[PDB]
């Protein structure tokens, strides 16, 4: 089931074919049409009005710049445009039909009452028009290019963390710090770095744009639970694999035997790990709130061990 925004969220209607966005303004000359994306052109933003009654399950597309609603009809010219009255006419209601395969994140905006589908193309004129809904062409598909949203918070569902793999990794094996006997001091210093992995994968809810940059603590396995490592301050990219460093540092000393050659082996458990999470976002322009569910996954390490053993 594709994600359809609620009434207070704004978006751009990007065409698969034209690779351009629909615009609706009060001037210049042409009131509605297509244009290359310009994140600041209020012109290019719309929100939806959820149909009710006999329109339940349908939607009206409202211009943020004009407040007017889009329409699509086949008899009267022009076949498409704007109009007042938030869905006053049957011409303002559309059915959202998700595509398949390469068009799975796209959809047709079909207006039932007239059996017409919106068109967004650059090869034929008018670029923004409609077509008899029964003959499906690729240039009738649209995808949501949502407004800039800010990631306010990431909350992991730690109780459900899970370890997918685990192999011990010896950080500092070599350790032949010795003497003959009755010394008094032998200190060890551990400083090893492992390149870790991080990926925040979409599961459900609001469709955060792939690549969106943000910061958050990342999961860590303690000994019997998962915890959030707030130290990691790297910049992540939504839905993409990121890498970050994890350095293990430790200082310990050993010496109090009849005569030994102290040995220290620092070891950690490394492997793949994933944890569910919810992200809270809000509109930068409005503050409108939404959530997104996801699964975080990455190569990590845990259970740092220091084993001391004497030799003679």
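Residue numbers count along the first chain shown, from 1.
- Annotation for 244-252 versus 53-61: the higher mean temperature factor (C-alpha) is found in 244-252.
- Here 259-267 and 36-44 are compared by their mean Cα B-factor, and 259-267 comes out higher.
- Of the candidates 181, 165, 199, 116, the PDB record gives 181 the highest C-alpha temperature factor.
- Of the candidates 110, 136, 151, 172, it is 172 whose Cα B-factor is highest according to the PDB record.
- The entry lists a Cα temperature factor for residue 104 that places it in the lowest third of the chain's modelled residues.
- In this PDB entry, the Cα temperature factor of residue 71 sits in the middle third of its chain's modelled residues.
- Split the chain's modelled residues into thirds by C-alpha temperature factor. Residue 143 is in the lowest one.
- When all modelled residues of the chain are sorted by CA temperature factor, residue 131 is found within the middle third.
- In the PDB entry, residue 93 places in the middle third of its chain by CA B-factor.
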